[PDB]
Structures are given as C-alpha cells and as structure tokens.
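Peer 1: Just the starting chains for now, same placement as in the complex:
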Amino acid sequence: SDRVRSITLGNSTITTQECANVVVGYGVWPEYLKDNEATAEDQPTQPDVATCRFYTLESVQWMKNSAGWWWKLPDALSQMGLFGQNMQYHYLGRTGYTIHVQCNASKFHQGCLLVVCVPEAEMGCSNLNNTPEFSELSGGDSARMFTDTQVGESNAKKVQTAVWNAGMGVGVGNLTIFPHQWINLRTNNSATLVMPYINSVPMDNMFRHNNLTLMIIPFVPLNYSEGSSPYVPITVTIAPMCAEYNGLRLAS
Amino acid sequence: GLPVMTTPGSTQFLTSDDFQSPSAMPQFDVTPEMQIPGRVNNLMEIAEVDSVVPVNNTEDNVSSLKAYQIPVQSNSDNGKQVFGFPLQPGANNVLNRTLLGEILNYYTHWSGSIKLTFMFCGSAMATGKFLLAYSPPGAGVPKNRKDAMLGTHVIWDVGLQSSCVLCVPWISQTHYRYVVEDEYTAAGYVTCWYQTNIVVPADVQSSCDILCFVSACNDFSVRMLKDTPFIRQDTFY
C-alpha cells in the first residue's frame, strides 16, 4: 500500500493515510554547501534541529467563489521560532524546503486544486507605470488571494491579480512545468513537495529576495449538496531543510 | 605573398554562420561553474510535460478558469457527444497555446505520436464509462457513436484510478507534417462520447467536470526553425 507516509523532522511528525507520491524537486535532494562552491570564507552555523522542523501557517477557507492564494516562501517563516531569529542576526543563508498542503472532505464533495512551486515569480502592477509595493506582494504567514476580476488602473501600487494570467502574464494551464501535485477530493487528501536550493549564487540575503512562491489554484470549484458541511479549510506546513548562515552582525 | 583568389560569398553577413572572431577582452577569468538544479539540454524535454488544454472556449469562457473544464451531466438518453476538435497541434486554437503547441510554433515540420490524458474531477460516489476515439482523415467527422467506434478508440471505466491515456498513433503518408494549416497534411479528429450514463446517489451533485492534458511521446521531433506569430512590436520599449 503506497497510500501511507510518515515524515519525521526534529521533534515533529506528519502522518497521512491517503496520499499520492512525493515529488522531489528536479530530481535533487537538499544538501549542505561543498568546499568547491563556497565563497564566504568564515565558518557557517548549522543549528539543524532548532530550525529544521515543521512550522504551520494560518488556514484559509475554500469557498465556492474562490480564486486562489499565494505565499512568498522565505517571508512567511520570518517570525517563526528560531528560524526567524537567525535571519535577523545573519547576512547570508541558504535553505531547502519541504511543503505539505492538506485538505480533507467527504465522499460527497468535489473539487480540484493545483499546488505548484514557482522559482523567481516576479509579479506585475495594475498601473502600467509603477511596480507593486511590499504590503501587497507578501504577508506575514497570511495568504494573499487572487480574484476573478481585473484590478482597475485607477489604483497606483497594487498587484494585477487576474487568475488566468497567474499574476505574471503567462497562461495558467502551463504552470505544470514547475514541480507540482494535484489534490483531487475524489482520491487525494494532501500533497508533498521537496525543493532544493535554487539560485544563481551560492548564498543570498533572505530579506531582500524571495526565491520561491507557493500557489494554490482551484481549477474545478468546490461543490456539495444541501446538508453537507459548508466549511472546508486548507492548511500549509513548511519545514526548512539543511539550513546554514553566515555573517553575524547586529539585529537589523 | 601566397597567391589566393576570393569566391562569391565574401564580405557578407549571414545571420546563421559559424566562424571564429577575435576577442575584445583578452585573458579574462570567468566565474567558475556551479551545480544549479534543472538543466535543459534539449527542447523536447519541455514538450514532453503535461499541460491543461482549454477545450471549452465558447465565446465567453476565455477570460476565466472555465475554459479548462468539460461539463458532464446525467442524461435521459444514450450516445451523446461530450467534445470534439480537429488534431492540429499548431494551427487549431484549442491546442495552440499549450506547452506542446508553443514549441511547435517556432518550427515548421513535426513528426511523432501525441498523448492525451483525461482526469475525472467528480464526486467519489459517481460512476461512468466513456469512449475516446480518433478518426484519420478521408471521410468527414463522425456524427454518431456508431461511426466513431470504427476508428481507434479506448473505453475508459472510471473507478479508483482517475486517469486514462489515449495515445494518438502516427498514421501518415509522409515522414513529416506541416505545422501551419494544410489540407494535404491533415491529421484527423478527436471525439468523446457517452458509453453509459453518469449514475449518482442521492444528496450528490449530478454535474461533474473533466480535465484534459496533452504531451508528446518519445518519438516526437521537430525541424526547420522559424519565428513565432504570437508577439508584436511597434516601437522600442
């Protein structure tokens, strides 16, 4: 039976009784930096049980007229435990991730979700001259949501959040070129993606650069009949993997 | 003074030449290479990845997520058609904009098989059986399930495994086909019919949906690189 997993990281454990396979990045598992690729020449810090564990974000409600949600990935964990405290005292850092999206409903509900992970998901603005400001591009472990309409040009600094363009000007059906899974309420209950470190430099600052984006888009909308449960949540759980830091300084 | 003689084709700029040229910055030390995940060596690795197909254009679903959903009901008769489109992976507006149909619009010739995957995104208590057919050209489009069963078909039974693959084989008189629309190199039609009904229990919604995917097999190839007609410009940005 392929339907059961068990993931153990630190002092936390996930158990699943209804699951698909585990998608591993681009075939690569996360690992520490080697001596041939290093450029910063002082010794890095590896706490490795205090940071590499499962942190759970907030929950969102899947409604019937629901369009989608997104998260910027080294930003939702910026106030979570000892992971968000090492980011404030250090200048560099590199991390791999393990994402577990989970949503349960009965055999009398239907719907489908696409869970992708997009590296360098640069987004656009509703006014054609400006760029979006920081408060709309991300939130502290709170979802920013798409909408089925088009944001007008009368606003100045807001993200263009039409779902069929995916915020980036591309087709939403072609997002399956990135590592992804589906959640089908007929057969599935969760989705698990393992992502390595992807950048053009061996280390980077985690406060000026978001290098991953997790999107959850309902392709088939949620439907049920009269009498069934109307409230269906979605919960996301992220665990850092093989994290290390460089450049101690003041607290920023 | 060695005696030489210059041929036609001298002092010309052919934009696809293969020559050596002197470097403008001599003795430069480039940054050493790093192992970044996800290296692309061939463009055919991109085209062999599934992509959702918008079969439901219908004049007002294109600015919506409803273009990707195929409606499925419970009927009072038998043998109705679900969808149907001609197999033109670079000229027909259904398969035009997908991940396979964008690589083909950079080339002129194509050859190989095509996979079509269908997923049933309905309730876990609903059943059904479908017919996924392919008809080579020479006749028209099949108008019944009696005419569509004479071609190449598969019967899909919806159960615990929620997907099925209809693998369109390479049936052609030539070795390659044109990407642009051409009646000499047509490829045929792909249809879908009801085999039995969608039987549903009480307190379950009858209307379900089906998603569609498309990709390429491992014998697919392309030829004669050209420009794409999918971009414009008026002035410099």
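Peer 2: That came in fine, so what should we check first? Numbers count the residues shown, from 1 in each chain, chains lettered A, B, ... in the order given.
Peer 1: So which residue is smack in the middle of chain B?
Peer 2: The centroid of chain B falls nearest to residue B:100 when counting by Cα atoms, centre = their mean (4.4 Å).
Peer 1: Three-state assignment for that one, please.
Peer 2: Three states are possible here, and by DSSP: H, G, I helix; E, B strand; the rest coil the one that applies to residue B:100 is helix.
Peer 1: Give me the phi and psi angles of residue A:117.
Peer 2: Here the main-chain torsion angles of residue A:117 (degrees, to the nearest 10) amount to phi -140, psi 110.
Peer 1: Sorry, slip of the keys, the one I care about is residue B:145.
Peer 2: phi -70, psi -20.
Peer 1: Please give me every residue in contact with the closest residue to the residue nearest to the centre of chain B other than its chain neighbours.
Peer 2: Ranked by Cβ to Cβ, 6 or more residues apart in numbering or on different chains and with sequence neighbours excluded, the top spatial neighbour of residue B:100 is residue B:47, at 5.0 Å. (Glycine included, C-beta is placed from N, CA and C.) Applying Cβ atoms under 8 Å, 6 or more residues apart in numbering or on different chains, we find residue B:47 in contact with B:99-100, B:103-104, B:215-216, B:220.
Peer 1: and the residues you listed, which of them are in helices?
Peer 2: Counting by DSSP state H, the part of the contacts of residue B:47 found in helices is B:99-100, B:103.
Peer 1: The helix or strand containing residue A:93 vs chain B: in contact?
Peer 2: Assignment of secondary structure by DSSP states H and E places residue A:93 within strand A:92-102. No: applying Cβ under 8 Å from any Cβ of the partner chain, one finds strand A:92-102 out of contact with chain B, separated by at least 10.3 Å.
Peer 1: With just CA atoms, put that strand into PDB.
Peer 2: C-alpha atoms of strand A:92-102 as PDB (Å, rounded to 0.1, in the frame of the first residue of the first chain):
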ATOM      1  CA  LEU A  92      23.600  35.300   4.200                       C
ATOM      2  CA  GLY A  93      21.800  32.000   4.200                       C
ATOM      3  CA  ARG A  94      20.600  29.000   2.100                       C
ATOM      4  CA  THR A  95      17.800  26.600   2.700                       C
ATOM      5  CA  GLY A  96      15.800  23.800   1.100                       C
ATOM      6  CA  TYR A  97      12.200  23.200   1.900                       C
ATOM      7  CA  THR A  98       9.500  20.500   2.400                       C
ATOM      8  CA  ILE A  99       5.900  21.600   1.800                       C
ATOM      9  CA  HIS A 100       2.800  19.700   2.900                       C
ATOM     10  CA  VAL A 101      -0.500  21.100   1.800                       C
ATOM     11  CA  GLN A 102      -3.500  19.300   3.400                       C
END
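Peer 1: chain center to it: distance?
Peer 2: When distances are taken as Cα atoms, centre = their mean, to the nearest Å, strand A:92-102 is centred 8 Å away from the chain's centroid.
Peer 1: include chain C too:
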Amino acid sequence: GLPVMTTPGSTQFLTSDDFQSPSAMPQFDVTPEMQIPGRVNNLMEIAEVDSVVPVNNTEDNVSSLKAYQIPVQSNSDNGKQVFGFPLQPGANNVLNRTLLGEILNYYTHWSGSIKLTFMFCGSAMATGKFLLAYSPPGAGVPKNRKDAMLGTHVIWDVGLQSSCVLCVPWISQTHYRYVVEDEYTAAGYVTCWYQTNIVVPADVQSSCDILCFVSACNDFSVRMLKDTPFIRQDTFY
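Peer 2: Let me add chain C to what's already shown:
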C-alpha cells in the same frame, strides 16, 4: 590561385587585437639586457604594500598633513567612537586615493580580503585599549559599542608592539564585487571605539595620534580593465 572567402571582421581596427606585423627597421641589434633591481611582473605586487589612509578629511585638513592623523584624548565617560567609514575601496573618498584604491580604479571587478594596520604614535608612558570592528550589511551602522561587538572585532592592547592588524574577511554572496558604488554589492562598515581610557602620567601630553594603513591579502584579484576617472585634458600639452 587558392580559393578563399573573406568573413565579417575584415579591414577593421580593434584596439586590443593580437596579430603580427612587418618590421619597419629590419635586422636591428638591440642593446643587451641589464639586471636592474626591482622588476614588476604583476600589478598585484604594488597593491599589497601598505599606504597611509586619510581618515580625517573634515573640510579643511585636506590641504595639510593633518588628514592622516586620528585624534585621541582622555575622556570623562566610556564607549565613545573614534572613527568610522564604509568599506568601498574604489568609490568612498577615504580609501579612494591610496595605493590599493588607485589600482582598483583601472578595473571593474574585485575580490579578496583587505588588511588594516593601526599604529599608536603617542608617548611611551600612555596606555589604552581599543576595539576595531567590522559589520556586514543588512542592518545600518552601529551606534554603540554594544552593537559593534556583535560583528567581527579584535581588541587591541597598546604596549611595546605598537601595531595591530584587523583582517577584513571576504563575506559576499557572489564571487566578485563592483568597484563603482552599487547597493546590490555593498560591503559594510568599519568602526573604532574606546574599550578603556587613555591613562597618562603627570607632565605628559594627553592628546595622542593614530596612523592607519591599508593593503591587500594574497587572495586579492581584479578583472575587466577600464579607464580611470582621475585625469582630465582639454588641449594637447
């Protein structure tokens, strides 16, 4: 008559080419070579030599020898700052004109560590302890000795040996850095504070001075040679 064909790039004068040319004075006897002391083979041997740094610009000390002296007193409190400047070896006007900062203004990229040597030119009966810190970017400039001790520091005790070296390590996300001012490739700040006081006997002057030196380590390198912005011309001389 061998058949040849001429490519683009013919009859052009690229100023950094590498070709052979016929000699205008054939069969010339040059003067034999002599052993002159002090042969330079690489420009990095020039940049690895100490040079006095003008930390004391302050709007009227630039046309004087007072720009090189750092004032040091005996205080009535604790934890005061001596100096501070950002680490930009080719764009900041403190390290701009030194022996290291003039070779860097001929290039575009640089990489490696930087040495900073401090000498106490006071009386032989005066004491003191200092703190020499370095702070990577990401936060601002440290405003206390409590904030500056969290970075990379050394505590210098002034005794018989009158010099100390603070070796700024290479902490960067990339392999190279820009010589011109750039917020994407910033390098941080270098500060100095009082650890304890300058305690002096009677009939000795309290006010002392400190000199500063700068050089490069043995992993320093440069790239992408360009022109310097430190010279003008209007007409021929």
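Peer 1: Now residue A:100: closest residue in space that isn't a chain neighbour?
Peer 2: Leaving out its chain neighbours, residue A:100 is closest to residue A:237 (Cβ to Cβ, 6+ apart), at 4.5 Å.
Peer 1: ditto for residue A:16
Peer 2: Across the structure, with Cβ to Cβ, 6+ apart as the measure, the residue nearest residue A:16 apart from its sequence neighbours is residue A:5 (4.9 Å).
Peer 1: The one you found: neighbour count?
Peer 2: 16 (other Cβ atoms under 10 Å in any protein chain shown).
Peer 1: Check residue A:102 too.
Peer 2: Per other Cβ under 10 Å, the neighbour tally for residue A:102 reads 19.
Peer 1: so what's the nearest residue to it once chain neighbours are set aside up against?
Peer 2: In space, and not counting its chain neighbours, residue A:102 is closest to residue A:190: 4.5 Å by Cβ to Cβ, 6+ apart. Residues in contact with residue A:190 (Cβ under 8 Å, 6+ apart) are A:16, A:18-19, A:100-103, A:183.
Peer 1: do the same with residue A:229
Peer 2: A:105-106.
Peer 1: Over to residue A:4?
Peer 2: The contact partners of residue A:4, by Cβ under 8 Å, 6+ apart, come to A:15-17, A:19.
Peer 1: Need the nearest residue in space to residue B:165, chain neighbours excluded.
Peer 2: The shortest distance from residue B:165 to any non-neighbouring residue, by Cβ to Cβ, 6+ apart, is to residue B:117 (5.3 Å).
Peer 1: er, residue A:17 actually
Peer 2: In this structure, residue A:17 finds its nearest non-sequential neighbour in residue A:4, 5.9 Å apart by Cβ to Cβ, 6+ apart.
Peer 1: distance of that neighbour from residue B:223?
Peer 2: 48 Å (Cβ to Cβ, to the nearest Å).
Peer 1: Which helix or strand contains the residue of chain A found nearest chain C?
Peer 2: Of the residues in chain A, the one nearest chain C is residue A:252, at a distance of 3.8 Å by Cβ to the nearest Cβ. Using DSSP H and E, residue A:252 sits within no helix or strand.
Peer 1: thought it was touching residue C:137?
Peer 2: No: under the criterion of Cβ atoms under 8 Å, residue A:252 makes no contact with residue C:137, lying 9.7 Å away.
Peer 1: The two: which is more packed in?
Peer 2: Neighbours were tallied for residue A:252 and for residue C:137 using other Cβ under 10 Å; the higher tally belongs to residue C:137 (19 against 13).
Peer 1: Tell me what the more buried one is bridged to.
Peer 2: Following DSSP bridges, residue C:137 is listed with bridge partners residue C:139.
Peer 1: Quick check: neighbours of the strand holding residue A:93 in the sheet, parallel or antiparallel?
Peer 2: For strand A:92-102, sheet partners with direction are given as strand A:190-195 (antiparallel), strand A:233-246 (antiparallel), following DSSP bridges.
Peer 1: following sequence is chain D, add it:
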Amino acid sequence: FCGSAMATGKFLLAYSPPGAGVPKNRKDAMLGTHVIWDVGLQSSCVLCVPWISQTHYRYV
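Peer 2: Okay, here's chain D dropped in alongside the others:
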C-alpha cells in the same frame, strides 16, 4: 476516533515543556513537540511524550 465511517478530520497533538506558560494558540503549540494525526482507516494514533528533565527522577 469513535465517529462515523464517512467523517474526516485532522488534529494536532502537542506537548510543551515548562518555563513558559500554557500555549493559547495553535501557533504557540506547534513550536513544541507535536504530531499531526490524519483520521482514516487506521483509527488510532500515539503521541509519545519523551523524557525531558534536568534530573534523573521526578516527584510524584
């Protein structure tokens, strides 16, 4: 889980060592030692409280 065979659910079973108070949110309780229980065909789950103490024994 002694419920009906058509009902689903996921829970969080946490343990918090002393030093701070009692966690008042799910955000505070996920920082300790937890397991996420998915209710399916297997109807039981075990949360094994480890021995975290400064001494070798404890008072009853």
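Peer 1: again for the contacts of residue A:190, since chain D is there now?
Peer 2: Residue A:190 makes contacts with A:16, A:18-19, A:100-103, A:183, D:38, as judged by Cβ under 8 Å, 6+ apart.
Peer 1: By neighbours, which of those wins?
Peer 2: Counting by other Cβ under 10 Å, residue A:103 has the largest number of neighbours within the contacts of residue A:190, with 25 neighbours.
Peer 1: Need the nearest residue in space to that one, chain neighbours excluded.
Peer 2: residue A:234 (4.8 Å).
Peer 1: Could you report the neighbour count for that neighbour?
Peer 2: Residue crowding around residue A:234 was assessed by other Cβ under 10 Å; the count is 21.
Peer 1: what sits against it?
Peer 2: Contact partners of residue A:234, counting by Cβ under 8 Å, 6+ apart, are A:59-62, A:69, A:101-103, A:113, A:216.
Peer 1: How much space separates it from residue A:189?
Peer 2: Between residue A:234 and residue A:189 the distance, using Cβ to Cβ, works out to 12 Å.
Peer 1: Please apply the same query to residue B:47.
Peer 2: Distance of residue B:47 to residue A:189, computed by Cβ to Cβ: 32 Å.
Peer 1: With residue B:9 instead?
Peer 2: To residue A:189, residue B:9 is 67 Å away according to Cβ to Cβ.
Peer 1: With residue B:150 instead?
Peer 2: Counting by Cβ to Cβ, the gap between residue B:150 and residue A:189 amounts to 42 Å.
Peer 1: same question, residue A:153
Peer 2: Look at residue A:153 and residue A:189: by Cβ to Cβ, they are 42 Å apart.
Peer 1: what does chain B put close to chain D?
Peer 2: Applying the criterion Cβ under 8 Å from any Cβ, no portion of chain B neighbours chain D.
Peer 1: Determine the number of other residues adjacent to residue A:66.
Peer 2: As a burial measure, the neighbour count of residue A:66 was computed by other Cβ under 10 Å and equals 21.
Peer 1: Flag every residue of the stretch 101-250 of chain A that's near chain D.
Peer 2: Going by Cβ under 8 Å from any Cβ, the residues of the stretch 101-250 of chain A near chain D are A:102, A:104-108, A:189-190, A:235, A:237.
Peer 1: Report the buried members of the residues you listed.
Peer 2: When burial is judged by neighbour count using 16 or more other Cβ atoms under 10 Å in any protein chain shown, the buried members of those are A:102, A:104-106, A:108, A:189-190, A:235, A:237.
Peer 1: Show me whatever sits in contact with both of residue A:234 and residue A:189.
Peer 2: Overlap of the contact sets of residue A:234 and residue A:189 (by Cβ under 8 Å, 6+ apart) consists of A:102-103.
Peer 1: For the nearest residue to residue A:209 once chain neighbours are set aside, which three-state class applies?
Peer 2: Leaving aside its chain neighbours, residue A:209 sits nearest to residue A:74 (7.8 Å; criterion: Cβ to Cβ, 6+ apart). When the structure is split into helix, strand and coil by three-state DSSP, residue A:74 lands in helix.
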